[PDB]
Every structure is written in C-alpha cells, then in structure tokens.
Ligand SMILES: *[C@@H]1O[C@H](CO)[C@@H](O)[C@H](O)[C@H]1NC(C)=O
Ligand SMILES: *[C@@H]1O[C@H](CO)[C@@H](O)[C@H](O)[C@H]1NC(C)=O
Ligand SMILES: *[C@@H]1O[C@H](CO)[C@@H](O)[C@H](O)[C@H]1NC(C)=O
C-alpha cells in the first residue's frame, strides 16, 4: 500500500533504524518524492492548473529556480507552502501554475532579482 | 535542549526537548538513478541513546543511501544537509532469488549488513522484509534480534567480504533452543494476561525474555538477544514512544507479567 502521500502506483516503504523516515517506490511513469510527477507528459492541457510535467526552462532560455530554493522561499508560491503537495510544487524545478495564469510559469533569476517568467511546455 | 525540528517539505521550528531527549536528529535519505538525485531530510529531537548511523543498498537500477547524525548542542541540526557486500531488497523480489546485484561501501568503518523484519496481518511497519546493504548500526560487528508470535526482527553486521550472501533467514532456519518466552499485544494490562497471551517456544539465538512499553500505551513481550535488548533497537522496534522502559532476564517465564 501507499497511505503516506504516495500518489499513483507509489509504494510506502519506511526505515526503522532511521526514525521511520519514508520514501515512495515509484513506477516508471511517475518520478519524484510522492510519485507526484508524470514524466510522460510533453504538452499541457487547457491552462495548466493540472500540469505536473517537467518543463524547467523559460521562453528566453533561462532555467527555473527550485521551489526549494532559499531564494524562492521568500516568494509566496514555494515548496514549504502548507498546500504545496496538491499544487505540484516540491523539491523540483519544474513548471507549475498553482494560482491562475494563462500557462505554467516559474521563478527565474535574471541579474539580481527573481522575476516570474513563463515556461516552454507546448500547448496541445 | 533547543533543537530544530521539521519533517520533509516543512520549514523548521525551534523544538525543545524534554528530560529524556538529549540529542539532535538529522536524518537524510538520498536516491540516485539515471542521474536524478532526490534527497529528503528530517530533523527533530533525538534521544538518550542513538548513534551516528549509516546504511545504503540498491533496488533495481538505483541506490538509496540513508544516514543519521546526532549531537547534544543547541540547534546543531540546521540548513544544509570500500568493501563489497551483496545487495537487494525484499521489495523488488531480488533477495529471494539465488541472484542479487552487489555493492561496495564508500566509508571505511562501514560494514556488511542483513536486516530482517517479518510481520503478520495488517502490519504496523512499512519496512522491507529482507534488506542487504552496506553500513553501520547500533552494536554493529555482530548481531541483534528478537522474535514474537507474530513478529520477527533481526540484524546481522560483519566486516568481511560478501559476508552476507547465500541463504536468506526465515523462522525454520532456527533451532528451537528449548527455552520459552511470552508474546503480548492487546492494549493495556487486560488485552493480554495469563489468559490472552501464551508461551512462545524460543528459537535458537533468542534466549532473553523481554518486555516493552511507552505512552496510547502500547506494550510487547518476548524472546530476544542481549544486543537487541541493548541500545537503540528495541526502541524503534515500534512506530514511536517514551523512554520505552524495556526489560531482560534469564528464565523461561522471565517475562511473564512480572
Ligand atoms: C520517562 O521519562 C522521564 C525522564 O524524565 C522519567 O522520569 C519517567 O519516569 C519516564 N516514565 C516512565 C518510566 O513511565
Ligand atoms: C556524531 O557526529 C558528530 C558531528 O557530526 C561527530 O563529531 C561525533 O563524534 C559523532 N558522535 C560520536 C559519539 O562519535
Ligand atoms: C575489520 O576490517 C578492517 C578493514 O576493513 C581490517 O583492518 C581488520 O583486520 C578487520 N578486523 C576485524 C576484527 O574484523
């Protein structure tokens, strides 16, 4: 079974000597710490609110910053959010669109600041 | 003792331990596979007696590497994080087949290890049945273990090449030594007694009759080693709990309700 946050075919395996810490044992399709990631997805559907894929760059080239980042943890939408699980935001670097917004985006470093830029992921 | 606490995706709090807890856990779990490292840290107050410990093994095309680190000072957990032995997990059906991809420890001081956890019905623990890998745990060079009517744990740890290949370890592989213990798991005092708990027939290396407890208030008795009965083991033998008062002695009815 799963009941640990193990999305999809996730299997919950724990670890006695290491303080019942858990990890999920993912099937091929779903990567990430909960099997939260559909790594087959190549386009996004509609607006993106659902998109859990793995676009990580932006429409100029630049790479996305990790929802982890010490940088990003000041920004409102980031991986520590109490809600972050259901919105796709996690220890990755991908694109999401948790609030509203035409397509999926991510926090991009440019010079010094952290602008929110728009991802690549082609629409269907 | 003040010490940062925080599960996986959480931010950290300044937790602050009570009389009993005097160390600061900083467990990290990592995985590599097809150049994707993903690493999950949890921190919090530790306890009286836990030990800088390390484990790693491989399931399929990946390596998971658990490590634990403790210290007895204020917020000493914070922001930032060779010898061959057989490997495999029960999970991917690899420790059970007469074949199992192997591995080589990356720290001197590491060991070779087999860890067994066998549980019945809807089992309280999400732990592989059999695991073989590299690393150091409580009371290493040597062995620990304890069996109950419905449960059987056992560790084995050695400083010699592939010291852990060959046959796995079931129940029947142990010589009913002849000595006995008790097995109890209901609730509090009257879930089990001289009435709803019976004498187990102790098996081989197990010869210590043992009890366990913690505060809602879970309790367990049976047949164990002297290494098991000592150190961190027993404690983690179940989800979480107190100072988990624990007891050992010689005798068949050693562990009968006192
Ligand atoms: C558990 O912890 C404290 C340590 O401060 C101890 O004094 C207390 O009696 C223990 N509880 C028991 C043995 O029930
Ligand atoms: C545990 O780790 C610390 C710091 O990481 C190290 O200095 C210390 O010696 C270790 N504990 C023991 C008891 O050796
Ligand atoms: C343990 O292994 C080390 C090297 O890993 C070696 O120097 C030593 O001879 C070994 N000793 C024992 C008792 O296993």
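Each position is counted from 1, following the chain as shown.
Just so it is clear, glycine is given a Cβ too, placed from its N, Cα and C backbone atoms.
Database features, via Swiss-Prot:
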DISULFID  A:4-A:12  disulfide bond
DISULFID  A:6-A:24  disulfide bond
DISULFID  A:26-A:35  disulfide bond
DISULFID  A:43-A:124  disulfide bond
DISULFID  A:64-A:106  disulfide bond
DISULFID  A:95-A:119  disulfide bond
DOMAIN    A:43-124  domain 'Kringle'
REGION    A:7-30  region 'Binds urokinase plasminogen activator surface receptor'
Could you give the Cα-Cα distance between residue A:35 (disulfide bond) and residue A:119 (disulfide bond), in whole Å?
22
When the disulfide-bonded residues A:4, A:43, A:124 are screened for a C-beta under 8 angstroms from chain B, what remains is A:4
I need the CA-to-CA distance for residue A:124 (disulfide bond) versus residue A:95 (disulfide bond), whole Å please.
16
Counting each residue once, how many in the domain 'Kringle' (A:43-124) are helix, strand and coil under DSSP?
3 helix, 20 strand, 59 coil
Residue A:12 (disulfide bond), Cβ-centred 10 Å count of other Cβ atoms over all protein chains shown, is 15
Note: among disulfide-bonded residues A:4, A:43, A:64, least Cβ-dense neighbourhood at 10 Å is A:43
Listed disulfide-bonded residues A:6, A:26, A:106, filtered to Cα within 10 Å of residue A:119 (disulfide bond)
A:106
